[PDB]
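Basis for what follows: all heavy atoms, side chains included, without hydrogens, waters or symmetry-related copies. In what follows, chains carry the letters A, B, and so on, assigned in the order in which the sequence lines appear, proteins first and then strands, with residues in each chain numbered from 1.
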Amino acid sequence: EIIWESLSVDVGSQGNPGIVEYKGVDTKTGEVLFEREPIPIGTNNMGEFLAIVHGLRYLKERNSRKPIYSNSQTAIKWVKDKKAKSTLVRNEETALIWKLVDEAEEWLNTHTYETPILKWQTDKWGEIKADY
RNA sequence: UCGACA
DNA sequence: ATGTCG
Ligand SMILES: [Mg+2]
Ligand SMILES: [Mg+2]
């Protein structure tokens, strides 16, 4: 019941809030299809959200109907709402991530997609294929 | 508390 | 352990 023909995304950090990165892999092979350069300050949930949105953009530009797996219940909801409810403060250090997030929201209400966004069942299946 | 993450 | 989230 794992949909192997899929794109899997995850965040990695150093600290939380701290340095954030995310990437997307082919669920079947583990091939790395995209990896975001680390962002100096962010939260886990912002990174989880950016990874799904980047996944959507990636698949849409390639005309791909694959679903996206994420392990982040929060990020899956934020994507469905088109709104990332982060508590992270706004200052010059977090400006970069907040600009990414705002641009991701903006992409979500200027585009259509039917990509299913699916919860990766870590408890059953082990770690997501995009894990750091 | 429970759930999902970092 | 603590921080991010619902
Ligand atoms: Mg994750
Ligand atoms: Mg992980």
Crowded around A:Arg62 CZ? As in, over 12 foreign heavy atoms under 6.0 Å? yes

Give A:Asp81 one of three labels, base, sugar-phosphate or nothing, depending on what nucleic acid heavy atoms sit under 4.0 Å from its own. nothing

Roughly how many Å is it from CG in A:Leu50 to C1' in B:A6, rounded to a whole number? 14 Å

Is A:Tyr58 reachable from A:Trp78 through a run of hydrophobic residues whose side-chain heavy atoms are each under 4.5 Å from the next? yes

If you take any heavy atom closer than 4.0 Å to DNA chain C, which residues from residues 90-106 of chain A end up in contact? none

Kindly state which residues belonging to residues 117-132 of chain A come within less than 4.0 angstrom of DNA chain C, counting heavy atoms of the residue only, listed by number. none

Are A:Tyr22 and A:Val9 in one and the same hydrophobic cluster, where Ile, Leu, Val, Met, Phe, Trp and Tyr link if side-chain heavy atoms are under 4.5 Å apart? yes

Can you list every salt bridge (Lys or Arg N to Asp or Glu O under 4.0 Å) pair that touches residues 85-99 of chain A, not counting sequence neighbours? A:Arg90-A:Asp102, A:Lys99-A:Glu103

Indicate every side-chain donor-acceptor pair of residues 112-129 of chain A with a distance under 3.5 Å to a residue at least two apart or in another chain.
{"from": "A:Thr112", "atom 1": "OG1", "to": "A:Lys60", "atom 2": "NZ", "distance (Å)": "3.4"}
{"from": "A:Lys119", "atom 1": "NZ", "to": "A:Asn71", "atom 2": "O", "distance (Å)": "3.4"}
{"from": "A:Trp120", "atom 1": "NE1", "to": "A:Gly126", "atom 2": "O", "distance (Å)": "2.8"}

Crowded around A:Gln14 CD? As in, over 12 foreign heavy atoms under 6.0 Å? no

Kindly give the atom pairs (protein nitrogen or oxygen, nucleotide nitrogen or oxygen) under 3.5 Å for nucleotides 4-6 of chain C.
{"from": "C:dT4", "atom 1": "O4'", "to": "A:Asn16", "atom 2": "ND2", "distance (Å)": "3.1"}
{"from": "C:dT4", "atom 1": "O4'", "to": "A:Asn44", "atom 2": "OD1", "distance (Å)": "3.2"}
{"from": "C:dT4", "atom 1": "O2", "to": "A:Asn44", "atom 2": "ND2", "distance (Å)": "3.2"}
{"from": "C:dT4", "atom 1": "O2", "to": "A:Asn45", "atom 2": "ND2", "distance (Å)": "3.1"}
{"from": "C:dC5", "atom 1": "OP1", "to": "A:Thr43", "atom 2": "OG1", "distance (Å)": "2.6"}
{"from": "C:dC5", "atom 1": "OP1", "to": "A:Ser86", "atom 2": "OG", "distance (Å)": "2.6"}
{"from": "C:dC5", "atom 1": "OP2", "to": "A:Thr87", "atom 2": "N", "distance (Å)": "2.8"}
{"from": "C:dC5", "atom 1": "OP2", "to": "A:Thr87", "atom 2": "OG1", "distance (Å)": "2.7"}
{"from": "C:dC5", "atom 1": "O5'", "to": "A:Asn45", "atom 2": "ND2", "distance (Å)": "3.0"}
{"from": "C:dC5", "atom 1": "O4'", "to": "A:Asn45", "atom 2": "ND2", "distance (Å)": "3.0"}
{"from": "C:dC5", "atom 1": "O2", "to": "A:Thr74", "atom 2": "OG1", "distance (Å)": "3.3"}
{"from": "C:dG6", "atom 1": "OP1", "to": "A:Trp78", "atom 2": "NE1", "distance (Å)": "2.8"}

Could you check how far CD1 of A:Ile76 sits from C1' of B:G3, rounded to whole Å? 13 Å

Between A:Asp26 and A:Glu31, is there a donor-acceptor pair closer than 3.5 Å when you use the side chain of the first and the backbone of the second? no

Mind listing the side-chain donor-acceptor pairs of residues 45-57 of chain A below 3.5 Å, one per line with the distance, residues two or more places apart or on another chain?
none

Please check if the side chain of A:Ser6 supplies one atom and the backbone of A:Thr27 the other of a donor-acceptor pair under 3.5 Å. no

Distance-only, no hydrogens or angles: does the A:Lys23 side chain make a donor-acceptor pair with backbone N or O of A:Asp131 under 3.5 Å? yes

